[PDB]
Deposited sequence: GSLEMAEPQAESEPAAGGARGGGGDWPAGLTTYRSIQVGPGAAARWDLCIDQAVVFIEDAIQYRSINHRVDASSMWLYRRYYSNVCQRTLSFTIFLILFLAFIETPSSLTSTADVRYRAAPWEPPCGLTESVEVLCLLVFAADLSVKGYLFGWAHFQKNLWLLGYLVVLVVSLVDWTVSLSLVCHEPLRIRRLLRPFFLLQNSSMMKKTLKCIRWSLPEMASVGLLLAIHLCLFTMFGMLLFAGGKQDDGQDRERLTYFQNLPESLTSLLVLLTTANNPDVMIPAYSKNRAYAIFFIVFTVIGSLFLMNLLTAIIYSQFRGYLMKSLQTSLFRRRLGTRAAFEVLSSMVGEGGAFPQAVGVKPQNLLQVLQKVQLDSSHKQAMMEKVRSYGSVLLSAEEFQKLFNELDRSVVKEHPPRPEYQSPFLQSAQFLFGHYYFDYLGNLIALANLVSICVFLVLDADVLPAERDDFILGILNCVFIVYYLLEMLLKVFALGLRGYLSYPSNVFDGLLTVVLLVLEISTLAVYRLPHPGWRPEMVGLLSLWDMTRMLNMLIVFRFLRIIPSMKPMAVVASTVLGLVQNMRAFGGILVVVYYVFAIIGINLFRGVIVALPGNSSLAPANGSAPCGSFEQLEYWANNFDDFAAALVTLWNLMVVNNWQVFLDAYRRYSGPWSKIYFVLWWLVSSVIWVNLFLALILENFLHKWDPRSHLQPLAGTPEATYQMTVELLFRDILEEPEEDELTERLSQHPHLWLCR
């Protein structure tokens, strides 16, 4: 009766959790299965991810207000400051929907699970501190300059995903060894700065403790490699040995040793993911069987209740129909535990179709089309005119560049661009009138060249409507999107398939890695605005300074300028110049900030990138 219905909804939600690899640790009530099935629907989780993007996007429209044409200090516009309430309004709107997500996730799980899970307790702590800071910053009329509630904003991105949580555990185990290597690195610097100060000061670089300690720190990342040993190596040829040995021990041996420590915890990363996901699938279907054999009742289940329980799940139609036809043909005998676990192993095959074409009225007309459609060179006739188009844009690009840069002939360019895009629209039209509209949507390559033929047709016709033959600007935009045709050649990779397999493997596994990149940049940019906001002003410089080189755009005035400044220090080149600038402008203790950014970003994250490419290249072979 009522227990009959409740075991159905118990067994629907268990199979649905066995497809999408979720654990079974939630309470089972009457109404809770409606709440659980609606919360894990894709329409509810998409607004949750859209919120997390909206929270992190608001740092572009805050009070420093990175909405400017440029980011120089010598010449830029006024900062558009918003009114008092709008950025406060959107933030408390999204902080409401984060409270709703926690309250649903606490209701669906146990209180004993709620007190033990550290991620849920940290979620409640961050929500109340962000709300306290919101009321404080609104009790004043938007006049608290530094807001702590923006620092906790990357925590919502971490708590939503699971691949970020797995990778942070992998860095947690590597930290006992990387500390010991960094200790050996600190011994390395302090010994050679005392050996250096005895040897040379007895330079421009070796004259003090903090000046000599910086010079060997910057040489450790080889940012001034010939510069730091010009005055030594010009006095005697033997002082080259001192700087050669420092960067063989330092940059070669110990920085590459630090990569291999991080790889040694990511060494079996993907195979643990398949073993855990298969273990979650087998536990889901077993719990579905064990509640279905105990409906009204040898051991086993009735297949009539199986037809009532595979009806109301979300699954592919090909997987739904093939599974239902197997169990329809099976008899009324009870299905054992082993027969149940083999039944749900039709979730391993993948089904692909493209489409069939449509028949025309004139039978010789459709015959002449399809015979001359399946040539396997009709596309290569498209590829021949594609290569012919790209070589023409290049060969005129060297012609218009060097000589007569003001006013050029530009006669035959419009002719070739006429005949090439006319050929593209015909190949667009002949393929749909052979296959069909749904058949042309079936191939993902054909969407790319079909859309590009459209946009090239709009820009060409508008070019031929203004003139007959800003003229240079329209031929600029026309030539730039023509070079996108060369991204049809690269989808033809027959011999070198390991490279194309790898780039497919990386982009499907960038949810974890980009998540840690975003969290690291978001914290360090926001600290940097609070420390170096207006410390660079401008109104015969030394030839290697921050001012001779016109580095005025690398400041921390707002959030967009901070992200590009922090990028230029991540690649380590010329970061001696940034250290010398902020030492002069914002005191001597600012070097703690740039050295910490070198550790978190350049050392750990780049070696975290190489470890992930090593694992995704070495998979199944």
Missing stretches, numbered from 1 on the deposited chain sequence and kept in order: 1 to 42, 245 to 255, 351 to 357, 530 to 542, 613 to 623, 706 to 756
